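Just the one chain here, laid out as structure tokens, in the form deposited without this ligand.
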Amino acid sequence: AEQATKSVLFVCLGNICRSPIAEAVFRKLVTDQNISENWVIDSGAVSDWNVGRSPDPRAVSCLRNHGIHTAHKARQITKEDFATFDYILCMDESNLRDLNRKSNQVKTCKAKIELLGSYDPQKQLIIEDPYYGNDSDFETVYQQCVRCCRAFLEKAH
């Protein structure tokens, strides 16, 4: 008794730490709920810094600690992303400014652009960049992503 097909693009600065973790977490959630076939899921970066790279090894390891694997390779957000995804969910205030600016530069913007943390029941609005941190920072990002992803899934139609 089908749920309509929906799409989400997680966005961070580099697409190596936060948005690959958010994507993988969301993918695991929808697979646990047997509705993976009803979602199109991707991640992408504001910048072109890391294009082609697999996620930061700390992020891959964080995900493996929680039984999750990812085959993502970094890519930059494109004009076409704004036209094709239903939701673009980003990590911090800087990502939000940059995506709202990019969306102004395109003619077709279907995507609703939001902070992923706006979905957190625990009200942690910002998912802070762990790149210069340690494994515990990646774990904090993981746990934030779990909360936000879970809430988003139950609100999004």
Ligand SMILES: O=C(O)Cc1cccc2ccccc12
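The numbering used is simple: start at 1 and walk along the sequence shown.
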{"property": "105-113 set against 66-74, stretch whose average Cα temperature factor tops the other in the entry", "result": "105-113"}
{"property": "Per the entry, higher mean C-alpha B factor between 45-53 and 87-95", "result": "45-53"}
{"property": "Selection from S118, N100, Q33, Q122 [criterion: highest C-alpha temperature factor in the record]", "result": "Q33"}
{"property": "Where the record places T140 (Cα B-factor, split into thirds across the chain)", "result": "middle"}
{"property": "Chain-relative CA temperature factor third for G133", "result": "highest"}
{"property": "Chain-relative CA temperature factor third for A156", "result": "highest"}
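Form solved in complex with this ligand: not shown, discussed below.
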query	finding
This ligand contact at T78 in the deposited bound form, heavy atom, 4.5 Å	yes
Proximity of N34 to this ligand in the deposited bound form, heavy atoms at 4.5 Å	no
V106: touches this ligand in the deposited bound form, heavy atom cutoff 4.5 angstroms	yes
Partner contact for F82 in the deposited bound form: this ligand, 4.5 angstroms, heavy atom	yes
